[PDB]
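A short worksheet on the structure shown next.
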Amino acid sequence: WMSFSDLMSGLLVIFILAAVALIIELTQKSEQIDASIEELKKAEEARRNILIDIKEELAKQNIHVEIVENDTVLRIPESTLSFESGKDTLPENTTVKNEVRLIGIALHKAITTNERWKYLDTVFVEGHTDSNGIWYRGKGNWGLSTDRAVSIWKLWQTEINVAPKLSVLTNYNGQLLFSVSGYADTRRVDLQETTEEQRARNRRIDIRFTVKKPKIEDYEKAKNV
Amino acid sequence: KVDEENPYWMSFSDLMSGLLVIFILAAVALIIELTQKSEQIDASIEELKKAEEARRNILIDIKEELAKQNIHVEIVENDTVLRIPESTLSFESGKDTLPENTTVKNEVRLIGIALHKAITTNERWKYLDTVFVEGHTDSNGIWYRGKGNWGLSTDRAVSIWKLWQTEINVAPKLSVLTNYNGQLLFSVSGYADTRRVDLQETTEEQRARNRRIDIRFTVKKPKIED
Amino acid sequence: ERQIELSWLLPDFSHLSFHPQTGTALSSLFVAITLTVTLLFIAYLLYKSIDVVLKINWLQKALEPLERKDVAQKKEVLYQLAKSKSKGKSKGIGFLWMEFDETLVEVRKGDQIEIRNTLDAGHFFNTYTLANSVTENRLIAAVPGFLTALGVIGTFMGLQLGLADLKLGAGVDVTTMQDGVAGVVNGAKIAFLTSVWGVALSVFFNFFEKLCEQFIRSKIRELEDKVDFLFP
Amino acid sequence: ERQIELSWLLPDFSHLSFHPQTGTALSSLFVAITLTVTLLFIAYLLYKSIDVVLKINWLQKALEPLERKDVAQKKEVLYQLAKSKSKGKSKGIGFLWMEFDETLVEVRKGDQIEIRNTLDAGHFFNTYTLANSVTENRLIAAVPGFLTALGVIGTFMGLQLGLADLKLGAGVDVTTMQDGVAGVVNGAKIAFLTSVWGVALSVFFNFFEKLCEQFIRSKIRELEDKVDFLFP
Amino acid sequence: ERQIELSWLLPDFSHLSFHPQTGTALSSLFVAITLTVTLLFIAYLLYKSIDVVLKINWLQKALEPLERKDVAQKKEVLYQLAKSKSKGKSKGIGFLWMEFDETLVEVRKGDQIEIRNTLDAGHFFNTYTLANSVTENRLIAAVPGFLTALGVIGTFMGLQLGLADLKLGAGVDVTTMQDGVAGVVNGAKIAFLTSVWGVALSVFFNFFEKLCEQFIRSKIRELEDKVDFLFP
Amino acid sequence: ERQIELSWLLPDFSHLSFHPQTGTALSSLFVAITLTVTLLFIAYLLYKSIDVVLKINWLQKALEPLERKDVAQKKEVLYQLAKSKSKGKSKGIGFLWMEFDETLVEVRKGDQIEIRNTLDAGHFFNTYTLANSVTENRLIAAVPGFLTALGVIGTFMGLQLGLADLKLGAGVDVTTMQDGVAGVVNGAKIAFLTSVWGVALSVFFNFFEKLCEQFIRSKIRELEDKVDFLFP
Amino acid sequence: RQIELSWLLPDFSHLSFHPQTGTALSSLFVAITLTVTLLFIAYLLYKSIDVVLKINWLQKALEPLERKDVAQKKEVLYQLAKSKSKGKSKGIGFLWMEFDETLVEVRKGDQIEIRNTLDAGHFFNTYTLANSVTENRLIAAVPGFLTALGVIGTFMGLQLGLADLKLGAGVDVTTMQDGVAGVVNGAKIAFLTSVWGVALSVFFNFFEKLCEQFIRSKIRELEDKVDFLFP
Ligand code: NA
Ligand code: NA
């Protein structure tokens, strides 16, 4: 038994080496899988980094925008960007025109930084109005909110000198990135909407960012086999 | 007789066997960690596979419900997009209004009724992230009071959206429907000619393939964090 | 608490062969060999143990209905009972009474017949004479070592079968490493199944062998007590 | 850093059963068997050891009033006193005094009766004639090995049972793997707990047995020197 | 149930040399050495036990055709033919008869002229005088320890040389050390093969030499049967 | 070539107690017991060896100046010296020397006076009479087994206590399971330390006891070398 | 994987009693194990040459002997038995003294050939020639000690290997890889100490029993000489 116990001790050492070597490989395979799980959340990470980039970059220029709706929408309040009442054109006060160029430049720089458009599906320029019914050539607030989003999107095309144009940027799938939306007063942020300071919170331009979603193969590859 | 055999040497082989099993559990514990990671990913694949089957069942029943009513719609983009061609839903040239023959607008109603019924059947909006009502035009540059195809394509999607808001009576309106979260299910937007299905633009029917209404369905993210 | 099943300790003897292809076939082969070795050596130990016991037991029946007063005329009545059973047998129980009789001396009282000895009965009835075949049997004393080392061979073979199943090195998938660990578990089950039977059978024989020794010694002292009581 | 309680080593004997179904039930039964084996062998040891001590104690009790010059006036009464307890007793202490008596040769030291022995008293009062049942008892000397091997049997039994429920292989889920680990730990609990008691009871009997022999040999030497003192 | 492979139990002995370059070659050499040592000691034990058996058989064939009474005429005619073989030996079976044939005394019971021994023949014909170099030979008793130890040396040498190949450290590349550990585990199975063979041959020799001993004493006692039945 | 820390092998005895609350304290207590048991048996062995040597050297010093022609006229001085060292005791070497004298008888060689002996110096100066509990002590010979047992009990207790309260099973999270399993593996070196000390002290004591036996026996032979030289 | 058996030989140059490395510790064990073997080989040889010297004298002092010297050597052997045994009442002479003093004087014919009454076998055999090497409890324990020394090296090697092995949560690969190196370092101690501990145990055990059979070879050769010389 003296030699048997010595022999069994030798077996224990060999199995200890195998167990720790097995654990070393299994451990590394875990961070491989863990890293792959973090890669599946990178599109939402890229979206959040775009919005923080726009807000921070414009904040250094005294331009207030808001990140809203679960860090998905860049809200441009009427205090920042105000259209003429009942009109889709910004006023000729030679400042809002300057004001809106810097938002387009900020929007461009945040999307093209780190090529985060590879995680974007569509960016929507959304026009929103208050409940005040107007006529507006018969189109109502539905045509007003749509025309304001087109008005903003046209200015971001022909009055900012960004080398990769906003109208040229593609998305994760290779199609063009931007879309234009109008929702009239059907997506109001303020429901009571009594005072003029509450109606004004509904008159806004919303930049909605939609990201690409992982496919089946993205999850199958994350198993790291 | 003085010297007895030392009987406790055998206990060390006993000890070594037990120590062997302890180190087996050290490696087995990692096996379970890796196995749990694989089941967590497998849970997301099956959850996403269920959401994608809910997507295509929505599209098959919209097409089949509309097919019985002589309304032809297309399922394109790998069981993801409901395409309403110009042969089905034709807008007046350069305008977002629809013809006043009382028959075209009835089809638009029936598409919305079929669309609502497929989403609300079997609670399938719980698998959806967003349903996109998509306005698309051809590459022909137009004025449209200075808005161009961006104004026209968005207006056409809105006019369909407004028709579904007032002229169909579904108990939860399409504009009230929510996704797997509490967020609104539907998005309405125009794309001008930026996302054409036909690129060479040569003939009229090739250009006519671009003037369309797309209804794009996106499914929920399976939330790998289990 | 979880339930356990002790039938996992039982080998499967239905498919025994000397060409095992699975771990359970190999462990049941080792247990069968160890059991067969155990059974054969128990039979051999019992064959020579019962020989001694029956050899002693005949005297006990021959001395049962004897008292202090009747030994005078039982000297030769017991002589033919010993003679009939001592046909050619050299140094068994029959010849020991033949050797014992000549060493009996009569007491000088003259009247009444009383019998004594010129030497103690230890020199006539002891382990060296009645059971020297089992007490010093060195093959018997080595049997627990045989069974122990048979289990040790099964232990080493099983564990190094588990060593062979291990799939190590860089670039090995989890399923393959999982299968290697299952092979290690499979080999360890062979090792522990053969060990538990090897040790248990070794202890059983070791205790049974030394129990037989004490039982025979208890029977020899019974002769020593009874013979010397009747023959001071 | 982790706190330990030594009471965790005591098994629960409240639910002892000869068909254990859980790990603790089997480990408790296994320790109960090991305790029972230890207690039975201590009873076997003490049964024979006390038999030796009483034989020595009485003859010591029959010699302390005796001094060198009072041996002659007390030599014969001891022979009758030895007959007093020796009804039979073929190899008892009373009989051991018998054979010693006839070997005490008589010499005349001028005018006072003095008794000498031609041999040494150790030839009649030693372990062979007083404690042959405990000193060279191979069964008793093997008890520490039995108890240690019991604990070893519990290890291979416990480890085999734990590993038998550890199911690996493709398709086995986390719940099944997680339950397999619990069974393996339960098997390891059986293994180490039975080794704790197997070895502790072994070394306890090991020490207790050889403490009894040293105590008995001390009294045998106290017997040899006193008899040598009285009978030069 | 996993399949197992056992063909690796048999080493390849074709490329045997005393300068092994690999662990497989080193394992094969030690198994061959242990086999050769086992065969050398089996032949030594087997040849030198047949020598003992032949001496016993020679005299048995000289006493087989003798009844109880035809011993007076054979008392001396057997003596002359003993000398024809006894010449040259030191303490052979011939001289062993010489020292015993002379010490028979001739008893005269009138017309009952017979032959009788004066003491027990246990120190004249026994395992000491015939089996002087097998039963008490402690070199032969040490062979199974040698065989196990050579297997142990071969295994630890195989394990040690497997480890010395390892370029290892915390600063060494992980993939390098995964391959190094894999080679160590693979070589450990081959290294432990010598211990399996060493223990197996140790058990086989242990069993064999105690079997020959029990066979030798079977005839020595069988020889004493003829001596105590024809030479009272 | 990485560094090893042997100081970790020596546990801290600053807070020893008989109620260990951690595995480290349990390990330290068992190492302390194994060391304490080792020292007590070494101290007893040294004490019972020094006294033999010291009391042998008293007779060596007395016998050192003697010569063959000196013994005749010097005998009575030693008996006076023996009675100066022995005041009436029946145990010391002085009592052994005086009991030796009666065995010395006087021979006649021409006209000179030269004394002989009837018995041998080994009858009065041997291990039994001089170093009784130093040589044939089974308890001392079992101490290496005790040390081995005590060390491995500490390891089994450490391992069992590390597993005793582990919450495992399908209702337990994987992270909790890995913490419990890792704690057991990380604590193995703590429990194993007592086995290292138990084996090391077992081997040291076994070697130490057998050296003292040879040293005492060498002094016995030297004592009876000079006694037989001066008293043939 | 190519092996070299020279890797089994340790480096004894920088030996010390405070080993800082696994190689130094294993070298120390092999040095102690080798040292124990050499002293016990000398202790075995020293107590074996004395047995041979006793036997040698009866062979190297009886060279002028022939068959025709049955009696006139008997007396002259007596004072040469006392020549070395200058007052010793023991030793090889004491065996001769009892054998010489128990020889009956026989009378056959004119010549005076002497005959024995008992064989010299029981007087000049093992239990009194070589009792210091055949029943020596220390020598018998040497192979077990040598093997047990290797087992100590194994246990210390295993314990040193576990000393730096850390597993579980919060342990990265580099720390675990350092644990592999420590286990390997301890394993090299364990395996090397067992190689030498058991090999020297074998060498001593076989050497010890080669000396014994050589002792019987001289005892028998002495006995065979006496048998025909002294019937
Ligand atoms: Na156990
Ligand atoms: Na070692």
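Values below: every heavy atom of this structure, side chains too, minus hydrogens, waters and symmetry copies. Remember, it's 1-based here, ligands and their atoms both numbered in the order they're listed. Protein chains get the first letters and strands the later ones, always in sequence-line order, with residue 1 at the start of each.
You'll find the ring centres of A:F4 and B:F12 outside the 6.0 Å limit.
Below 30°, between 30° and 60°, or above 60°: for G:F145 and G:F40 the angle between ring planes is above 60°, a perpendicular geometry.
Between N of D:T155 and N of D:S195, the angle at the Na ion (ligand 1) works out to 160°, rounded to 10 degrees. If you put the vertex on the Na ion (ligand 2), OG1 of G:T193 and O of G:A190 sit 80° apart, to the nearest 10°.
Remark: G:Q159 CD to F:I4 CD1 distance equals 12.0 Å, nearest 0.5 Å. Note that CG of E:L26 is 6.0 Å distant from CG of G:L5, once rounded to the nearest 0.5 Å.
The Na ion (ligand 2) has G:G150 among its coordinating residues (N/O/S atom, backbone or side chain, under 3.0 Å). Not one N, O or S atom of G:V195 sits under 3.0 Å from the Na ion (ligand 2). Distances from the Na ion (ligand 2) show that A:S9 has no N/O/S atom below 3.0 Å.
Taking a cutoff of 4.0 Å between a charged side-chain nitrogen and a carboxylate oxygen, D:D165 and C:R2 qualify as a salt bridge.
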